[PDB]
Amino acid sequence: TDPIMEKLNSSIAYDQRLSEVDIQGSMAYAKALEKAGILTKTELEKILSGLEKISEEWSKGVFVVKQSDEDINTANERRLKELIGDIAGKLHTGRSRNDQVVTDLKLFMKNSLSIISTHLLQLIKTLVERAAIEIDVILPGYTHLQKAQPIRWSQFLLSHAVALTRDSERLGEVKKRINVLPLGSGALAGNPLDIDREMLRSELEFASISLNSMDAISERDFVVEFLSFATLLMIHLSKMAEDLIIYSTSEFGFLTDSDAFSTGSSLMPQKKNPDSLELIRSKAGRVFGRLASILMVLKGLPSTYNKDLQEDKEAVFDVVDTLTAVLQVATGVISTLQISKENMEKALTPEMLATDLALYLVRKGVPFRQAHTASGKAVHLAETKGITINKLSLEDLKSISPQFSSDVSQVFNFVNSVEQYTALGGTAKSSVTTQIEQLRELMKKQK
């Protein structure tokens, strides 16, 4: 009765989006009640009509929430009575809000997961398709942000795509456990009217039904799981954001964002701020915060139902909206991205080829340890001569090792360098292309 207490319980402010799933759940329940004999065929007909009118009021946006509406379920419950009179009270028989709440969220989630899945797969398709087209671009690979060796721009794009593919895989698993109907669990012990849950299932299109009533109304695993999946996904995008922010600095000059996804200044148009990327990177923390909150909420709570559980809606609503938006922005960034081949090519230094020189020898039967030393020597010689490793003459190389035949010239070529990695997941064109194929088959399975 305390005014502040009423306020703290008012979910009506944010749960209004659960309106349709509420109605969708009420209709199914009304149909099962008819089967239980609780409702006469005519009462059901009248109820389903009332319910269907409520949906229209919601769709049109002409539904009026009264001061007495603490939550969505109530709002729609009130409207039903206001419409079909007192027969609406029968609809309540046997069920509980504890039962409705989880059915509402799962139902909302199934719908939400589908939209998110579509956008995720589209992000992947965008990454693989751009990889295919730009398969000839070669740039430096980084370890500790220091240039290590050449790689194809496509191997870089594919590494992100491959990680995102595991996200779709996890999403599929999460969606499986969310597709379990909890309705018909009552307030704690089950539905007292021996209702037909199978009917409810088929009506709401769930894949199966909850095994235990106590568990069904008190567990929020499906929320934690969705939250974890969302968090790892965001970690993946934060890593992609970091890369593209760094690659788009004047210093690197590897690429440029579209004006639609960046901010500039009339005073110095050259300065293109990566707003899009910074927004995506920040959402990682926001989503993480939601995962951390629900985990702390659930810790140490006894069985069975407790009010603490009401924290779930705001968490899933916020993460669902964040992902739906974030994903679309990411797809936009990647697709309208402007790559600079010249700058990427210019970053490639002959010094990065010292290892390839050692590989050349290793292949000519020279044991690793020995081949590594020969390269170092060549690096030092080139240094003392005032030139670069690729500038060393056959004679200079011979001085170091007689194994250095004239064909060593081919080593000093960045494309030939990249083409050494032909093993399954390397940078050679063959491997890259194989990856594009594998990923395309994955998307077909919808993983």
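All residue numbers refer to positions in the sequence shown, first residue = 1.
- Here 236-244 and 179-187 are compared by their mean Cα B-factor, and 179-187 comes out higher.
- For the pair 411-419 and 380-388, the mean Cα B-factor is higher in 380-388.
- Of the candidates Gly253, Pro269, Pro150, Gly172, the deposited coordinates give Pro269 the top C-alpha B factor.
- For the set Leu193, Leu139, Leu123, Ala292, the PDB entry assigns the largest Cα B-factor to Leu193.
- Among the modelled residues of its chain, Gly426 has a C-alpha B-factor that falls in the lowest third, as given in the PDB entry.
- Sorting the modelled residues of the chain by their CA temperature factor places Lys313 in the lowest third.
- In the deposited entry, the Cα temperature factor of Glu225 places it in the lowest third of its chain's modelled residues.
- Among the modelled residues of its chain, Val333 has a C-alpha B-factor that falls in the lowest third, as given in the PDB entry.
- Residue-level temperature factors show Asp257 in the middle third of its chain, judged at the C-alpha atom.
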